[PDB]
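Asker: The sequence shown begins at 232 in my numbering and counts up by one.
Handing you this structure, nothing more for now.
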Amino acid sequence: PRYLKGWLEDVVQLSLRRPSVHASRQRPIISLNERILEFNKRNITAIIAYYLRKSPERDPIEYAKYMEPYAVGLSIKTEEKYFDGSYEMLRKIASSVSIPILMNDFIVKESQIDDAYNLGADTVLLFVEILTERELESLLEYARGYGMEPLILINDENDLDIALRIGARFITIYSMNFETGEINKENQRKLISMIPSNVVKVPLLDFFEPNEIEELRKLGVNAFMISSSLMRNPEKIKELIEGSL
(Lines of atoms letter the chains of each structure in order from A and count residues from 1; the text may use other names and numbers.)
(Lines give C-alpha, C1' and ligand atoms only; values in the text may rest on other atoms or scores of the structure.)
Protein backbone atom coordinates (compact mmCIF):
# COMPACT_ATOMS: atom_id res chain seq x y z
CA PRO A 1 0.00 0.00 0.00
CA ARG A 2 1.06 3.63 -0.19
CA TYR A 3 1.92 5.57 2.96
CA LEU A 4 -1.28 6.20 4.93
CA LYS A 5 -2.36 7.68 8.26
CA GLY A 6 -5.56 7.65 10.27
CA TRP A 7 -8.21 4.96 10.04
CA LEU A 8 -7.31 4.29 6.39
CA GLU A 9 -3.92 3.07 7.58
CA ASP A 10 -5.66 0.91 10.20
CA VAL A 11 -8.08 -0.83 7.79
CA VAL A 12 -5.30 -1.36 5.26
CA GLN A 13 -2.91 -2.99 7.72
CA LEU A 14 -5.83 -5.01 9.06
CA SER A 15 -6.70 -6.05 5.50
CA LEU A 16 -3.13 -7.20 4.80
CA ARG A 17 -3.63 -9.83 7.53
CA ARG A 18 -7.06 -10.92 6.21
CA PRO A 19 -6.89 -14.74 6.00
CA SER A 20 -7.93 -16.29 2.72
CA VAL A 21 -11.04 -18.47 2.57
CA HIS A 22 -11.07 -22.03 1.27
CA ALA A 23 -14.36 -21.89 -0.64
CA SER A 24 -15.11 -23.02 -4.19
CA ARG A 25 -17.13 -20.87 -6.58
CA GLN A 26 -20.52 -22.36 -7.45
CA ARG A 27 -21.77 -20.09 -10.25
CA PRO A 28 -20.17 -18.24 -13.18
CA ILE A 29 -19.09 -14.63 -13.26
CA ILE A 30 -22.10 -12.40 -13.96
CA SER A 31 -20.34 -9.33 -15.30
CA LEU A 32 -21.39 -6.13 -13.56
CA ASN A 33 -20.08 -3.62 -16.11
CA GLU A 34 -21.60 -5.67 -18.95
CA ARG A 35 -25.02 -5.79 -17.27
CA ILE A 36 -24.77 -2.02 -16.81
CA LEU A 37 -24.06 -1.67 -20.52
CA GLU A 38 -27.04 -3.93 -21.28
CA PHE A 39 -29.19 -1.65 -19.11
CA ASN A 40 -27.80 1.34 -21.03
CA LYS A 41 -28.75 -0.24 -24.38
CA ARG A 42 -32.37 -0.50 -23.19
CA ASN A 43 -32.30 2.87 -21.36
CA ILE A 44 -33.06 1.12 -18.06
CA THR A 45 -31.71 3.16 -15.14
CA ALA A 46 -28.88 1.11 -13.60
CA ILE A 47 -28.65 1.38 -9.81
CA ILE A 48 -26.03 -0.44 -7.77
CA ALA A 49 -27.46 -0.89 -4.28
CA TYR A 50 -24.59 -0.08 -1.89
CA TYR A 51 -24.95 -2.15 1.29
CA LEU A 52 -23.16 -1.73 4.63
CA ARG A 53 -23.91 -3.85 7.68
CA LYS A 54 -22.83 -0.87 9.81
CA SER A 55 -21.08 2.46 9.37
CA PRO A 56 -18.64 4.36 11.68
CA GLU A 57 -29.08 -1.15 9.68
CA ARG A 58 -30.73 -3.78 7.47
CA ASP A 59 -30.39 -7.54 7.43
CA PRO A 60 -27.90 -8.36 4.65
CA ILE A 61 -29.84 -11.26 3.15
CA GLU A 62 -33.22 -9.47 3.29
CA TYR A 63 -31.76 -6.29 1.79
CA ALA A 64 -30.14 -8.24 -1.06
CA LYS A 65 -33.30 -10.21 -1.88
CA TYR A 66 -35.36 -7.00 -1.86
CA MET A 67 -33.00 -5.32 -4.33
CA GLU A 68 -32.69 -8.33 -6.68
CA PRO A 69 -35.60 -7.39 -9.02
CA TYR A 70 -34.62 -3.70 -9.13
CA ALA A 71 -30.86 -3.18 -8.87
CA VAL A 72 -28.38 -3.69 -11.68
CA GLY A 73 -26.01 -5.06 -9.03
CA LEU A 74 -25.18 -5.06 -5.33
CA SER A 75 -22.14 -3.62 -3.57
CA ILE A 76 -21.44 -5.67 -0.44
CA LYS A 77 -18.93 -4.30 2.07
CA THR A 78 -16.95 -7.05 3.44
CA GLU A 79 -14.64 -5.10 5.73
CA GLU A 80 -15.08 -6.41 9.26
CA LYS A 81 -13.84 -3.90 11.86
CA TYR A 82 -15.40 -0.63 10.73
CA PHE A 83 -18.34 -1.88 8.61
CA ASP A 84 -19.35 -5.19 10.31
CA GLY A 85 -18.97 -7.08 7.05
CA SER A 86 -17.85 -10.65 6.65
CA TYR A 87 -16.93 -13.12 3.94
CA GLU A 88 -19.75 -15.45 4.98
CA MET A 89 -22.21 -12.59 4.52
CA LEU A 90 -20.92 -12.21 0.95
CA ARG A 91 -21.09 -15.94 0.24
CA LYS A 92 -24.69 -16.22 1.45
CA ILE A 93 -25.76 -13.23 -0.65
CA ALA A 94 -23.98 -14.42 -3.80
CA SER A 95 -25.69 -17.83 -3.59
CA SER A 96 -29.11 -16.29 -2.80
CA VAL A 97 -29.54 -13.67 -5.56
CA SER A 98 -28.95 -13.79 -9.31
CA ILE A 99 -27.71 -10.24 -9.99
CA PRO A 100 -24.01 -9.23 -10.05
CA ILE A 101 -22.27 -8.86 -6.68
CA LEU A 102 -19.40 -6.41 -6.15
CA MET A 103 -17.15 -7.14 -3.18
CA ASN A 104 -16.44 -3.74 -1.61
CA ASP A 105 -13.42 -3.84 0.67
CA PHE A 106 -9.91 -2.45 1.12
CA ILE A 107 -8.18 -4.76 -1.32
CA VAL A 108 -4.42 -4.65 -0.80
CA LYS A 109 -3.27 -8.17 -1.75
CA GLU A 110 -4.09 -10.79 -4.36
CA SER A 111 -5.59 -13.28 -1.89
CA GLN A 112 -8.46 -10.85 -1.29
CA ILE A 113 -9.33 -11.10 -4.97
CA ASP A 114 -8.99 -14.89 -4.64
CA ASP A 115 -11.53 -14.69 -1.79
CA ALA A 116 -14.01 -12.63 -3.82
CA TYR A 117 -13.85 -15.12 -6.68
CA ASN A 118 -14.08 -18.16 -4.40
CA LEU A 119 -17.01 -16.68 -2.44
CA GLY A 120 -19.05 -15.94 -5.58
CA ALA A 121 -18.47 -12.22 -6.10
CA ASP A 122 -18.54 -11.04 -9.68
CA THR A 123 -16.05 -8.19 -9.32
CA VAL A 124 -14.12 -6.17 -6.75
CA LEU A 125 -13.54 -2.55 -5.88
CA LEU A 126 -9.97 -1.26 -6.16
CA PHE A 127 -9.19 1.89 -4.17
CA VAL A 128 -6.61 4.22 -5.73
CA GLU A 129 -5.90 6.30 -2.62
CA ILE A 130 -4.63 3.31 -0.59
CA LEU A 131 -2.44 1.79 -3.34
CA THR A 132 0.62 2.81 -5.28
CA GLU A 133 0.26 3.13 -9.04
CA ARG A 134 2.18 -0.11 -9.65
CA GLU A 135 0.11 -1.95 -7.03
CA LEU A 136 -3.18 -0.85 -8.57
CA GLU A 137 -2.08 -1.95 -12.03
CA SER A 138 -0.98 -5.34 -10.68
CA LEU A 139 -4.27 -5.87 -8.83
CA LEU A 140 -6.25 -4.69 -11.86
CA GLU A 141 -4.52 -7.27 -14.06
CA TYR A 142 -4.94 -10.00 -11.44
CA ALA A 143 -8.66 -9.23 -11.11
CA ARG A 144 -8.95 -9.34 -14.91
CA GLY A 145 -7.18 -12.71 -14.91
CA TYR A 146 -10.19 -14.07 -13.03
CA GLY A 147 -12.54 -12.49 -15.57
CA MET A 148 -13.44 -9.57 -13.29
CA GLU A 149 -13.45 -5.97 -14.45
CA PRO A 150 -12.90 -4.19 -11.11
CA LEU A 151 -14.56 -0.93 -10.18
CA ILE A 152 -11.86 1.69 -9.63
CA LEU A 153 -12.61 4.18 -6.85
CA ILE A 154 -11.27 7.64 -7.70
CA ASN A 155 -11.59 10.58 -5.31
CA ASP A 156 -9.76 13.46 -7.06
CA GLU A 157 -7.83 14.38 -10.21
CA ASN A 158 -4.68 12.52 -9.14
CA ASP A 159 -6.64 9.29 -8.61
CA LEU A 160 -8.14 9.64 -12.10
CA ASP A 161 -4.74 10.30 -13.68
CA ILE A 162 -3.50 7.03 -12.16
CA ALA A 163 -6.63 5.10 -13.12
CA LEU A 164 -6.39 6.17 -16.77
CA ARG A 165 -2.64 5.54 -16.98
CA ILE A 166 -3.09 1.90 -15.91
CA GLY A 167 -6.03 1.37 -18.28
CA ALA A 168 -9.05 1.37 -15.98
CA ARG A 169 -12.36 0.85 -17.81
CA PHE A 170 -14.84 0.80 -14.89
CA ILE A 171 -14.63 3.75 -12.50
CA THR A 172 -16.67 4.89 -9.52
CA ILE A 173 -16.45 8.54 -8.44
CA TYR A 174 -16.68 9.20 -4.70
CA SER A 175 -15.17 12.67 -4.16
CA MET A 176 -15.69 11.93 -0.47
CA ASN A 177 -14.21 13.18 2.78
CA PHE A 178 -12.95 9.83 4.06
CA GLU A 179 -13.02 11.14 7.64
CA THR A 180 -16.69 12.23 7.55
CA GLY A 181 -18.23 10.48 4.54
CA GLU A 182 -19.52 13.72 3.02
CA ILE A 183 -19.62 13.78 -0.79
CA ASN A 184 -18.79 16.93 -2.76
CA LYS A 185 -21.45 16.76 -5.47
CA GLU A 186 -19.81 19.60 -7.40
CA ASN A 187 -16.34 18.07 -7.54
CA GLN A 188 -17.97 14.73 -8.40
CA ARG A 189 -19.56 16.12 -11.59
CA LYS A 190 -16.28 17.74 -12.40
CA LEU A 191 -14.32 14.48 -12.24
CA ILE A 192 -17.03 12.69 -14.25
CA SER A 193 -16.61 15.23 -17.07
CA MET A 194 -12.87 14.42 -17.21
CA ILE A 195 -13.40 10.69 -17.82
CA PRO A 196 -13.01 9.52 -21.44
CA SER A 197 -15.86 8.01 -23.43
CA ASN A 198 -14.66 4.39 -23.22
CA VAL A 199 -14.91 4.15 -19.41
CA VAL A 200 -18.05 3.03 -17.57
CA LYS A 201 -18.67 5.77 -14.98
CA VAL A 202 -20.55 5.28 -11.69
CA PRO A 203 -21.01 8.20 -9.26
CA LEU A 204 -21.58 7.35 -5.61
CA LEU A 205 -24.60 9.01 -3.99
CA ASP A 206 -25.50 8.83 -0.32
CA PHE A 207 -28.47 11.19 -0.51
CA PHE A 208 -29.64 12.94 -3.63
CA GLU A 209 -32.23 15.26 -5.06
CA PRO A 210 -34.01 13.57 -8.00
CA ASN A 211 -32.91 16.63 -9.97
CA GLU A 212 -29.29 15.62 -9.38
CA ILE A 213 -29.96 12.28 -11.11
CA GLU A 214 -31.07 13.90 -14.36
CA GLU A 215 -28.07 16.24 -14.26
CA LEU A 216 -25.71 13.27 -13.89
CA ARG A 217 -27.52 11.56 -16.78
CA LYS A 218 -26.60 14.55 -18.94
CA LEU A 219 -22.92 13.98 -18.11
CA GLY A 220 -23.15 10.43 -19.45
CA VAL A 221 -22.99 8.31 -16.29
CA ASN A 222 -23.70 4.64 -16.92
CA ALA A 223 -24.97 3.74 -13.45
CA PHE A 224 -25.51 5.08 -9.95
CA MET A 225 -24.19 3.49 -6.77
CA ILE A 226 -26.54 4.65 -4.01
CA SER A 227 -25.87 4.05 -0.32
CA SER A 228 -27.61 5.79 2.59
CA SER A 229 -30.78 6.84 0.73
CA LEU A 230 -31.56 3.22 -0.15
CA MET A 231 -30.59 1.99 3.32
CA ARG A 232 -33.09 4.38 4.91
CA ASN A 233 -35.85 3.85 2.31
CA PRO A 234 -35.20 0.80 0.10
CA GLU A 235 -38.45 1.39 -1.81
CA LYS A 236 -37.00 4.60 -3.31
CA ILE A 237 -35.16 2.42 -5.85
CA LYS A 238 -38.50 1.71 -7.55
CA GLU A 239 -38.96 5.40 -8.38
CA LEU A 240 -35.52 5.42 -10.01
CA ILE A 241 -35.98 2.39 -12.29
CA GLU A 242 -39.69 2.22 -13.19
CA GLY A 243 -42.87 4.25 -13.53
CA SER A 244 -45.97 3.69 -11.42
CA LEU A 245 -49.49 2.59 -12.31
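The beta carbon of each residue, even a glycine, is placed where N, CA and C say it ideally should be.
Output yes or no for whether 8 Å exceeds the beta carbon distance between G304 and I330.
Answerer: It is a contact, given that the beta carbons lie within the stated cut-off.
Asker: Under 7 Å from any heavy atom of the ligand SAH, does the C-beta of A302 make it?
Answerer: This structure simply doesn't include the ligand SAH, nor any ligand for that matter.
Asker: Can you tell me where the beta strand (DSSP E) with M456 in it begins and where it stops?
Answerer: Counting along the chain, the beta strand (DSSP E) containing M456 begins and ends at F455 to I457.
Asker: Quick check: what's the CA-CA separation for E473 versus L371?
Answerer: The straight-line gap from Cα to Cα measures roughly 34 Å.
Asker: So what does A374 bridge to, in DSSP terms?
Answerer: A374 is not bridged to any residue.
Asker: Can you give the Cα-Cα distance for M407 and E440, rounded to whole angstroms?
Answerer: Answer to the nearest angstrom: the Cα atoms are 17 Å apart.
Asker: Taking only three categories from DSSP, how would you classify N335?
Answerer: DSSP places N335 in strand when its eight states are reduced to three.
Asker: Could you check whether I397 and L367 sit closer than 8 Å to each other, using their CB atoms as the reference points?
Answerer: Yes, Cβ-Cβ distance for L367 and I397 is below 8 Å.
Asker: Taking only the alpha-carbon atoms, compute the straight-line gap between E311 and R248 and give it to the nearest angstrom.
Answerer: Answer to the nearest angstrom: the Cα atoms are 12 Å apart.
Asker: Ignore the nearest five residues each way along the sequence and tell me which others in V252's own chain have a CB closer than 7 Å to its CB.
Answerer: Counting only Cβ-Cβ distances below 7 Å, and skipping sequence neighbours, we find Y318, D346, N349 and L350.
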